[PDB]
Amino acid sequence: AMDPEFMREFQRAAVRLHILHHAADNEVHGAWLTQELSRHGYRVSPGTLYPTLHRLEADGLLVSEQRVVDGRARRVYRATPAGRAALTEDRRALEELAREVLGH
């Protein structure tokens, strides 16, 4: 990376957006989210990811639920209404920057 600071800042924003994107389509376990973000080209650790998850929930954008399924307790995450609205707004911001910088 010629600009590691940019990549770092930008990756934090992109991860956040992908989490909402995925949690709007699906209920998600964190284990799975790590794999899926990795598929999308993002390096993420449990160390990085769960605190974001917790913070999104604290911001009211996600909600988590302890759920016993098939004799095993797990936490699932999903978007709240506010989270869907946030996703739209966050996307809008990305669209604007895309329009500006990809065309004095």
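All residue numbers are counted from 1 along the displayed sequence.
Count the deposited residues lacking coordinates between residue 103 and residue 104 and you get 1 to 3 of them. Per-stretch averaging of Cα B factors for 50-58 and 36-44 places 36-44 on top. Per the deposited record, the Cα B-factor of residue 97 falls in the lowest third when ranked against the other modelled residues of its chain. For residue 90, the recorded CA B-factor ranks within the lowest third of the chain. Only modelled residues enter the ranking. In the PDB entry, residue 72 places in the highest third of its chain by CA B-factor. Residue 12 sits in the highest third of its chain by CA B factor, as recorded in the PDB entry.
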